[PDB]
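Heads up: the structure comes next, in structure tokens.
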Amino acid sequence: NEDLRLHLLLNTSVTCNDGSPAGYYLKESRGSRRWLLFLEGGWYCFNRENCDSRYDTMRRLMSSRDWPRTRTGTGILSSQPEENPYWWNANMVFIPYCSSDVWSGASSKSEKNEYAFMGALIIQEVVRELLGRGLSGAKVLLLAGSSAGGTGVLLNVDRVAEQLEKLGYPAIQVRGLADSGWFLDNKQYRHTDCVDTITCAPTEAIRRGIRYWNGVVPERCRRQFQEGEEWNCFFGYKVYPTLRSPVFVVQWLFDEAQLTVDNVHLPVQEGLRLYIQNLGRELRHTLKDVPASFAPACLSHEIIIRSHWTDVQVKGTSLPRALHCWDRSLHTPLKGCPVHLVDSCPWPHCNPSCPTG
Ligand SMILES: *[C@@H]1O[C@H](CO)[C@@H](O)[C@H](O)[C@H]1NC(C)=O
Ligand SMILES: CC(=O)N1CCc2c(Cl)cccc21
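So the sequence shown is residues 86 to 351, 355 to 419, 427 to 452, counted in the deposited numbering.
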């Protein structure tokens, strides 16, 4: 099945990196008042040289020129209850990542800009155009995303809520689901020079990116960290407490992209074992006061749009179940329906349900 249909943005000034129109894939579920808007991930680029390389060999992440007319909804975007016990009947939206800016940018391609970085405006424009296609009647809009799209949720969920309020739709409950986008600005295991994208330490690329992208962060977080320090707001544990919308955080304790930016590459000796154990403990610590969270002790990357996302469990509860319990909690804890699920065991795959690879 190829069930989500491409719609390029009617406002063609809201563009991918190369000036081609951004867009969204939609599958409507008439009668459902639930809308799931999913932000794709795929790293970022923070200067002309690394963006030029990404344009040569990762062009779908920078341009809509070659996008297919349809996509299959998978995982949380699947309409089959077997694959998606959580929200199989919802209206499904997949928003391709083609701005390379962690969904933060608001800069057009101009005389002085080779590329447009418009991720924040792409989300706003998708929401606006969807309102005429049924979103006006929604009761819940869940803004979800994986990896850079998960960080995109944290950066944009409150702006979507504010946008709908200002447009006159106060009854739409905006919520966030951030998958694999909760990173730590920690020390690398072995230091690298910030010359490329994947090996550059987390707190550095984002600083350059904000300037290059004209990147924007949530207002309360911006007011805490102030000018020149907005990069702090890309880190879940710092931006999350400033957010008003309900946000459910999904995060592997040993996320492969976290390990990559930390220059960890997997017989593990003492120093690396200690480093990995400390990373899991730090991640666990940052989630202690996040009431809706699912954080399994696995070495892996993303979860929610994978077809077998149903398989992982923490403390006997799957992610689709935890998300359903979260829905119920937003109607004091619920009997047999937990929403805070963080593994405590200290090593990758100490949870037997971890993805096998
Ligand atoms: C198109 O989107 C851009 C970017 O947000 C905005 O400046 C402009 O007002 C929009 N125009 C229309 C007609 O929606
Ligand atoms: C893979 C990816 O997308 N990464 C890794 C590090 C990071 C940060 Cl620190 C913010 C937003 C995205 C990403």
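Backbone N, C-alpha and C define an ideal beta-carbon position, used for all residues, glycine too.
Whole-number beta carbon distance between residue j and residue i, since they are thought to touch under 8 Å
i           : j           : result
residue 159 : residue 372 : That pair is no contact at about 29 Å.
residue 400 : residue 330 : Not quite, the Cβ-Cβ distance comes to about 25 Å (not below 8 Å), so this is no contact.
residue 129 : residue 211 : Not quite, the Cβ-Cβ distance comes to about 19 Å (not below 8 Å), so this is no contact.
residue 203 : residue 89  : No, residue 203 and residue 89 are not in contact; Cβ-Cβ is about 22 Å, not under 8 Å.
residue 364 : residue 382 : Contact doesn't hold; Cβ gap of about 20 Å is too wide.
residue 102 : residue 192 : Contact doesn't hold; Cβ gap of about 10 Å is too wide.
residue 385 : residue 446 : 5 Å
residue 126 : residue 182 : 6 Å
residue 261 : residue 124 : Between residue 124 and residue 261 the Cβ distance is about 10 Å, and since that is not below 8 Å, they are no contact.
residue 240 : residue 188 : 6 Å
residue 161 : residue 229 : 7 Å
residue 332 : residue 306 : Not a contact, Cβ separation roughly 13 Å.
residue 249 : residue 259 : 6 Å
residue 303 : residue 244 : 7 Å
residue 104 : residue 194 : 5 Å
residue 309 : residue 267 : Not really, about 18 Å apart at Cβ, beyond 8 Å.
Rounded separation between residue i and residue j - CA only
i           : j           : result
residue 408 : residue 396 : 11 Å
residue 226 : residue 99  : 22 Å
residue 443 : residue 387 : 5 Å
residue 317 : residue 92  : 34 Å
residue 196 : residue 135 : 20 Å
residue 392 : residue 264 : 7 Å
residue 416 : residue 138 : 46 Å
residue 301 : residue 207 : 13 Å
residue 320 : residue 164 : 32 Å
residue 133 : residue 283 : 16 Å
residue 405 : residue 167 : 16 Å
residue 87  : residue 274 : 42 Å
residue 280 : residue 290 : 10 Å
residue 118 : residue 174 : 9 Å
residue 413 : residue 190 : 34 Å
residue 287 : residue 215 : 34 Å
residue 345 : residue 357 : 18 Å
residue 370 : residue 285 : 20 Å
residue 334 : residue 238 : 10 Å
residue 146 : residue 367 : 30 Å
residue 106 : residue 296 : 23 Å
residue 343 : residue 231 : 13 Å
residue 97  : residue 140 : 20 Å
residue 314 : residue 292 : 8 Å
residue 433 : residue 410 : 6 Å
residue 242 : residue 276 : 34 Å
residue 246 : residue 120 : 14 Å
Counterpart residues of residue i in DSSP-defined beta bridges
i           : result
residue 435 : 381
residue 180 : 124
residue 402 : 405
residue 109 : 92
residue 388 : 340
residue 332 : 261
residue 429 : 432
residue 100 : 106
Per-residue burial, residue i [other beta carbons within 10 Å of its own, 16 or more giving buried]
i           : result
residue 437 : buried
residue 217 : exposed
residue 112 : buried
residue 186 : buried
residue 347 : buried
residue 361 : exposed
residue 355 : exposed
residue 255 : exposed
residue 350 : exposed
residue 236 : buried
residue 150 : exposed
residue 390 : buried
residue 311 : exposed
residue 451 : exposed
residue 398 : buried
residue 169 : buried
residue 435 : buried
residue 374 : buried
residue 418 : exposed
residue 354 : Since the model of the chain includes 351 and then 355 but nothing between them, residue 354 has no atomic positions to report.
Output the residue ranges of the beta strand (DSSP E) runs that lie fully inside the segment 188–273 and measure 3 residues or longer, sorted by chain position. Every beta strand (DSSP E) of 3 residues or more that sits fully in the segment 188–273 is shown, in chain order, as 225–231 and 258–264.
Give the list of continuous alpha helix (DSSP H) stretches no shorter than 4 residues that lie fully inside the segment 118–157. Correct list: 133–142.
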